[PDB]
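Participant: I have a structure I would like to understand better, so I am pasting it below and will then ask my questions one at a time.
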Amino acid sequence: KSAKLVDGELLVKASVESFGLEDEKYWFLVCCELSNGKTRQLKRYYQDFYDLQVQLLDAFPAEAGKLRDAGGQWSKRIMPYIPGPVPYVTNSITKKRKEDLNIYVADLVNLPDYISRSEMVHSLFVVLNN
Numbered sequence: 273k274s275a276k277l278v279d280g281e282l283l284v285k286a287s288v289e290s291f292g293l294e295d296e297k298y299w300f301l302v303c304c305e306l307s308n309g310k311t312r313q314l315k316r317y318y319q320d321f322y323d324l325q326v327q328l329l330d331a332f333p334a335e336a337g338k339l340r341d342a343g344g345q346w347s348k349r350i351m352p353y354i355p356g357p358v359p360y361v362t363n364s365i366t367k368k369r370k371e372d373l374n375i376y377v378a379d380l381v382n383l384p385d386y387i388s389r390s391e392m393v394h395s396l397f398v399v400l401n402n
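Structure (structure tokens):
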């Protein structure tokens with residue numbers, strides 16, 4: 273099964289700003305722009321993003337290169353993949369991590385399908401009981 277589309281506030285752009293130091297722990301700043309000029313900022317963990325991708329692979333199997341279209345319709349079966357977890361992320365690695373996040377999230381909004389406004393991805397650009 274896949275996520276249900278929300279007929280409310282859909283996003284048009286998704287990109288990650290940067291990361292900061294929080295009580296020793298590492299946090300990331302996720303930003304996004306709407307068609308109405310709306311913007312939200314929420315902090316999360318690296319695991320949150322990983323869990324989102326795992327659900328996307330199953331949610332949209334076609335985009336992950338699993339099934340073949342009917343024949344007449346032609347769409348690129350592209351899906352966001354994780355560069356793999358790291359035991360001891362270095363300074364250089366930390367920089368690339370924050371950058372990849374901006375590309376991974378931005379890719380969702382730049383999808384040829386309705387995945388951009390997907391409920392799974394949209395849940396990332398929102399304040400959870402904050």
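Here PDB author numbering is used: position 45 in the sequence shown is 317, and no number is missing along the way.
A virtual CB, placed ideally from N, CA and C, is assigned to each residue, including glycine.
1) Report the option in 345, 367, 292 and 322 whose CA atom is closest to the CA atom of residue 385.
2) Just to confirm, is the Cβ distance from residue 275 to residue 331 under 8 Å?
3) Beta-carbon within less than 6 Å of residue 382's beta-carbon, same chain only, minus the 5 sequence neighbours each way: which residues are those?
4) For residue 380, which option in 400, 293, 304 and 298 has the closest C-alpha, if you only look at C-alpha atoms?
5) Do the CB positions of residue 301 and residue 319 come within less than 8 Å of each other?
6) Return the residue from the list 350, 351 and 365 that minimises the CA-CA distance to residue 357.
7) So what's residue 366 in DSSP terms, helix, strand or just coil?
Facilitator: In brief:
1) Translated into positions along the sequence shown, residue 385 becomes position 113. Looking at the Cα atoms, 345 is the closest of the given residues.
2) Taking the first residue of the sequence shown as 1, we reach residue 275 at position 3. Taking the first residue of the sequence shown as 1, we reach residue 331 at position 59. Result yes, Cβ atoms of residue 275 and residue 331 sit closer than 8 Å.
3) Reading the sequence shown from its first residue, position 110 is the one you call residue 382. None.
4) In the sequence shown, residue 380 corresponds to position 108, counting from 1. Residue 380 has its Cα closest to that of 304, out of 400, 293, 304 and 298.
5) As a first step, residue 301 is located in the sequence shown; it is residue number 29 there, counting from the start. As a first step, residue 319 is located in the sequence shown; it is residue number 47 there, counting from the start. Not in contact: residue 301 and residue 319 (Cβ atoms no closer than 8 Å).
6) Position 85 of the sequence shown, counted from the start, is the residue given in the question as residue 357. Out of 350, 351 and 365, 365 has the C-alpha closest to the C-alpha of residue 357.
7) Numbered from 1 along the sequence shown, position 94 holds the residue referred to as residue 366. Looking at residue 366 - three-state DSSP - the assignment turns out to be helix.
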